[PDB]
2 protein chains.
Amino acid sequence: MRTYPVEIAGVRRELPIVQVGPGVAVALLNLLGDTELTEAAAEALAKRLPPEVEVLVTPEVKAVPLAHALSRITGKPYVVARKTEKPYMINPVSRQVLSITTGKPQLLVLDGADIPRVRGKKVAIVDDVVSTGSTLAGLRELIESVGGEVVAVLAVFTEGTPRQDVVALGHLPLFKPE
Amino acid sequence: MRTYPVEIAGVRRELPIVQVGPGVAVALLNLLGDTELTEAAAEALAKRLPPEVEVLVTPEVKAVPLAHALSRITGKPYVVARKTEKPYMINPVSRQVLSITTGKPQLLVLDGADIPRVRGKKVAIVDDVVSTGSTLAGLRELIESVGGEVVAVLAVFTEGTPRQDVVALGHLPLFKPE
């Protein structure tokens with residue numbers, strides 16, 4: 001395809017399909033700026049949030065709105081991991097991740113200020129689209145290295161091969177890249 | 001004194017005083033991870049958002065939670081402009097800017113997909129702390145060059161210099177770094 005149509009919690013959109021590798025096509029989700037879809041995806045996921053989760057962690061800047069809206073509906077705080085160290089950080093813990101996009105070295109970074117918020121806590125990862133499990137595996141290694149246990153993974157979409165323990169609101173198929 | 005007290009609409013916080021420059025400390029405000037404080041600042045600013053504003057534009061990742069909450073409260077859409085070009089963007093428009101603290105080159109980027117959301121519309125720039133205005137005149141010119149009209153600047157705090165063309169909820173001084 002060229003754009004992939006999809007409807008999530010009653011909100012209708014047409015996701016663009018773009019080349020992401022050798023010649024790879026995936027439908028691109030962007031919640032950044034989409035107040036409506038953000039709030040819908042969040043109200044739907046909050047209902048399917050295991051009550052034992054105490055804290056939310058998100059790796060992507062695009063899912064910060066979903067993580068914030070999710071935090072407000074559930075009352076559970078949320079933590080933001082970044083791709084590099086930021087001047088506001090304290091004694092960040094970093095974990096290295098290699099990409100599918102370019103195969104370049106990537107970092108996943110946790111603010112040192114957020115450790116008392118992860119340590120001893122049951123964590124749910126929150127992402128906009130959870131893919132194969134390369135950055136996913138690294139985020140939980142990051143979280144678990146500072147004291148948290150990942151007990152759930154939430155997203156808007158699952159992608160590629162259909163996992164079982166993600167709480168998603170839909171699944172996107174892989175496409176022929178044209 | 002290692003921290004600066006602050007109060008927003010009944011939410012009390014104590015901001016760490018941390019060093020940002022050669023001889024300078026600032027009170028650190030971070031809405032990423034503070035759901036309670038974000039929602040408070042957004043309720044207070046909605047009350048003070050000039051009613052002719054049709055769109056909210058923010059340049060910082062750190063104020064994305066406030067821009068989103070603000071868009072939910074007021075019903076007006078929100079735009080996130082970035083510091084580099086991103087893979088989701090379509091036909092991006094850019095602007096040159098010299099930052100402060102880094103004092104090195106910065107870029108300000110508006111997604112082309114965001115120009116219809118700004119062209120011909122009355123705009124509010126949204127930020128978490130307006131200190132310098134390195135990005136304030138550069139962001140305003142980027143917006144006005146594609147058709148937008150900047151009619152307001154919103155923020156939680158002004159810093160150092162008490163800007164007057166800003167709608168803020170408080171003012172933060174500079175500190176001497178122990």
Side-chain angles (χ1 to χ4, degrees), chain A residues 32 53-72 76-97 105-128 135-150 153-154, chain B residues 2-4 6 11 13-21 25-39 41 58-69 80 82-84 101-102 127-129 156-157 172 177:
Chain A
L32 210 48
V53 167
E54 311 167 86
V55 191
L56 310 150
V57 179
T58 194
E60 184 69 272
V61 168
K62 271 154 82 217
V64 162
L66 173 74
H68 174 87
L70 208 48
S71 176
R72 191 196 25 118
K76 312 276 168 184
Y78 82 101
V79 162
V80 185
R82 305 281 267 99
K83 293 295 203 252
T84 72
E85 293 184 6
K86 301 288 169 180
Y88 63 74
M89 293 191 179
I90 283 318
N91 43 241
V93 174
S94 309
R95 182 64 184 186
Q96 295 184 331
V97 171
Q106 275 179 195
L107 293 160
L108 265 178
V109 189
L110 189 66
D111 184 356
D114 280 338
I115 294 176
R117 309 176 61 211
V118 184
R119 181 241 296 175
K121 311 281 194 158
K122 294 210 183 73
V123 173
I125 288 182
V126 172
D127 216 344
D128 55 349
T135 296
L136 199 71
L139 184 63
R140 73 156 72 217
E141 167 60 24
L142 181 60
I143 292 151
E144 294 185 328
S145 87
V146 294
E149 68 172 308
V150 179
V153 172
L154 272 60
Chain B
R2 315 267 276 134
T3 61
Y4 184 87
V6 108
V11 172
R13 298 271 177 280
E14 192 91 17
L15 312 185
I17 294 168
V18 307
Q19 184 173 352
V20 160
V26 308
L28 172 68
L29 171 80
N30 195 16
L31 297 176
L32 295 172
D34 207 337
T35 298
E36 194 204 351
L37 184 61
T38 298
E39 283 288 333
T58 190
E60 321 283 333
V61 171
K62 274 161 89 211
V64 156
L66 175 75
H68 173 90
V80 182
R82 303 277 271 161
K83 298 296 202 187
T84 306
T101 204
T102 61
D127 214 340
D128 57 345
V129 178
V156 183
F157 299 122
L172 310 169

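Each chain gets a letter, A, B and so on, in the order its sequence line appears, and its residues count up from 1.
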Heavy-atom check, side chain of [X] versus side chain of [Y], under 4.5 Å:
| X | Y | result |
| --- | --- | --- |
| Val53(A) | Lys122(A) | no |
| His68(B) | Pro65(B) | no |
| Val26(B) | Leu172(B) | no |
| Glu36(B) | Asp34(B) | yes |
| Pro77(A) | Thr35(B) | no |
| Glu149(A) | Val123(A) | no |

- Item | Qualifying residue for side chain to side chain contact (heavy atoms under 4.5 Å, CB included) with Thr38(B), from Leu31(B), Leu32(B), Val64(B) | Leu31(B)
- Query: Among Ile143(A), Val57(A), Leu56(A), which one satisfies side chain to side chain contact (heavy atoms under 4.5 Å, CB included) with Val79(A)?
  - Reply: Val57(A)
Checking the side chain of [X] only, and the main-chain atoms of [Y] only, is there a donor and an acceptor separated by less than 3.5 Å?
| X | Y | answer |
| --- | --- | --- |
| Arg82(A) | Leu107(A) | no |
| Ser71(A) | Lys76(A) | yes |
| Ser94(A) | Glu85(A) | no |
| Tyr78(A) | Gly33(B) | yes |
| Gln19(B) | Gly21(B) | yes |
| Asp128(B) | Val156(B) | no |
| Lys62(B) | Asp127(B) | no |

Least distance between heavy atoms, [X] atom then [Y] atom:
| X | Y | result |
| --- | --- | --- |
| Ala63(A) | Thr58(A) | CB-OG1, 3.5 Å |
| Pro177(B) | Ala25(B) | CG-N, 3.3 Å |
| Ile90(A) | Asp111(A) | N-OD1, 3.1 Å |
| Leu15(B) | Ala27(B) | CD1-CB, 3.9 Å |

- Query: In terms of heavy-atom contacts, does CD of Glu14(B) have more than 12 from other residues, nucleotides or ligands at under 6.0 Å?
  - Reply: yes
- Query: Sequence neighbours excluded, which residues qualify as side-chain contact (heavy atoms from CB on, under 4.5 Å) partners of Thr84(A)?
  - Reply: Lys86(A)
With rounding to the nearest 0.5 Å, note down the distance linking [atom1] in [X] to [atom2] in [Y].
| X | Y | atom1 | atom2 | result |
| --- | --- | --- | --- | --- |
| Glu39(B) | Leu66(B) | CD | CG | 9.5 Å |
| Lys83(A) | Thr135(A) | NZ | OG1 | 6.0 Å |
| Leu136(A) | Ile125(A) | CG | CD1 | 4.5 Å |
| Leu29(B) | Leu37(B) | CG | CG | 6.5 Å |

- Salt-bridge test for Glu144(A) and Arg95(A): reply yes if a basic N is under 4.0 Å from a carboxylate O, no otherwise. no
